[PDB]
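Here's the structure we're looking at; comments come further down.
Chains as they are written, first to last, in the working numbering: chain A, 160 to 170; chain B, 399 to 519; chain C, 388 to 617; chain D, 6 to 218.
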């Protein structure tokens, strides 16, 4: 898993 | 270890311009701030200006802001005080000193011999 | 409208736990990832933890992983930081921050920056007990005279936690006052001084009193500052 | 772990002038860089993100440029509300910040006035002696304080505190506090603090003799 993935709704 | 030799002073009319020089020998001064002071007859030595290392700026006394400018020629181990719009009250012996503290706390260990500037018509 | 209001800070002993809250208003809380960032006294910013909008994925900086837990309650628009097994090095102002989600008309999308922040909550990790300051005069003399101006003050020593406040002459003297930031001593207690400059001719005439308040210990002290002959 | 290094540590400028702030990353962060402003006691404020995109509500005088490892924040005409600390931050690999650059107000040189205070009799009766040296209303910030007790230079037994630039005159003030046991204090006579600053041609010393105050 990527700690810098988008953490907000609807990427 | 280091010697400071000043030049450029002399007699100038009110409103005129001069440039003082302070040439250092014996040690390289590019890493150190260099300051100008002046002492009028009977008074204490007053701060005039400081040229820090290139990129670190110049700072000035209230009495000379806007009229005097410091600059450096590191390749020639020399600093300068450009003096414009001179007034009789600027008459004094002008001194240069090296700040031996590279962190700029004003450890003035070596001083030039002084050069007289007289502003009179 | 965007607001983040934090609560829950204070003093916590080493090894214990403290929970911070961040109440959000003025935006759709449940669509935003949320972060905690902290700032130790006198130092820079350090990212602490992140939680996805839906509470699933959570990430932590190495020095808190396994000790702190991030959570959220979307129905109450609140973000939490549960700090466990705390250590002195966790002392800091803790900010919550919203993930700066951004998009444009062409499908560009950004995130991973901090666009709105709480006001900060100070967490002080210490074993020290609540204690008011001892207040001592800094007396004026000729060794504290420069020209026709003298300086005097009060040393406000050995208190915990912050803060103290200092006034002079019950608030009548404000010009020339400098009250320094506290320093943490090796003892774990704080100390500071407050000074003021005044006309030297006033030393024989004018009464100078510093008024010190330390609310956590209900300490109130007036100290008269009288001249000396140094 | 990506390390961001900011330069210079302090920039001393006047309103109207252009301010140029630098941030260098230890390895490439592509364009995933932001700039923040922070004033004392307040939360940071996002100015620029993705290296060059201005955040909503940020004045046009702020601009960001760069990519890879070298980034610049420029303020084309500084205004009074811009004096603050500025940080950069990356989100290419985890989340790290630079150490900050302080943008301070320049003014003319003012040497500190120097004052020394002896410990009070009240404090002495209790076991400790604090001796305080005050450097008042000076600029620029750099200064050195040395304590001497019977002419012997002290080390390790003093702590300094400094104010923020004064709102009206833009100067700093600084205290240095020497802490000794009462027993040690009572072994010596002359207590001196020696101050240097670029506005002082010679160091300024203030001293007292124990028990003559």
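The beta-carbon is built from N, C-alpha and C at its ideal position, and this holds for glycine as well.
Under a criterion of Cβ atoms nearer than 7 Å, the residues of chain D adjacent to residue 482(C) are, in order, 48. DSSP places residue 463(C) within a helical segment (H, G or I) once states are collapsed to three. Residue pairing by DSSP places residue 28(D) opposite 11(D), 76(D) in a beta bridge.
When DSSP states are grouped into helix, strand and coil, residue 63(D) belongs to the coil group.
At a cut-off of 8 Å between C-beta atoms, residue 500(C) counts as an interface residue with respect to chain D. With three or more CB-CB distances shorter than 8 Å, the region 109-119 of chain D counts as touching the region 131-145 of chain D.
Only those residues of the region 154-169 of chain D whose C-beta falls short of 7 Å from the nearest C-beta of chain C are listed: 164, 166, 168. Inter-residue distance for residue 173(D) and residue 112(D) is about 11 Å (C-alpha atoms, whole angstroms).
The CB of residue 181(D) never comes closer than 7 Å to any CB in chain B; the least such distance is about 13 Å. Apart from the 5 residues on each side of it in sequence, residue 129(D) sits with its Cβ closer than 6 Å to the Cβ of 187 in its chain, given in chain order.
DSSP places residue 537(C) inside the beta strand (DSSP E), whose first and last residues are 536-546. The Cβ-Cβ distance between residue 106(D) and residue 11(D) falls below 8 Å. At a cut-off of 8 Å between beta-carbon atoms, residue 443(B) makes contact with chain D. Spanning the alpha carbons of residue 446(C) and residue 161(A) requires a straight line of approximately 9 Å. Here residue 486(C) is bridged, per DSSP, to 501(C). The beta-carbon separation of residue 416(C) and residue 388(C), rounded to 12 Å, does not stay under the 8 Å limit for a contact.
Contact between residue 16(D) and residue 26(D) holds: CB atoms are separated by about 7 Å, below the 8 Å threshold.
Three or more Cβ pairs closer than 8 Å define a contact, and the region 499-512 of chain C meets that threshold against the region 471-489 of chain C. Checking the DSSP bridge columns, you'll see residue 506(C) has no partner listed. In the DSSP assignment, residue 188(D) falls outside any beta strand (DSSP E) and lies within the alpha helix (DSSP H) extending over 187-190. DSSP links residue 183(D) through a beta bridge to 136(D), 163(D). 87(D) is the residue among 87(D), 97(D), 19(D), 75(D) whose C-alpha sits nearest the C-alpha of residue 67(D). Relative to the Cα of residue 416(B), the nearest Cα in the group 512(B), 493(B), 484(B) belongs to 484(B).
Close to residue 588(C), with beta-carbon spacing below 9 Å, lies no residue of chain D; the smallest spacing is near 17 Å.
Among the bridge pairs identified by DSSP, residue 451(C) is matched with none.
Bridge pairing for residue 427(C): absent [DSSP].
Between residue 542(C) and residue 523(C), the C-beta gap is smaller than 8 Å, which places the two residues in contact.
The shortest CA-to-CA distance from residue 7(D) to any of 59(D), 60(D), 99(D), 65(D) is the one to 99(D). Not a single C-beta of chain A is nearer than 8 Å to the C-beta of residue 112(D). The shortest CA-to-CA distance from residue 519(B) to any of 400(B), 406(B), 411(B) is the one to 411(B). According to DSSP, residue pairing for residue 595(C) in a beta bridge does not occur.
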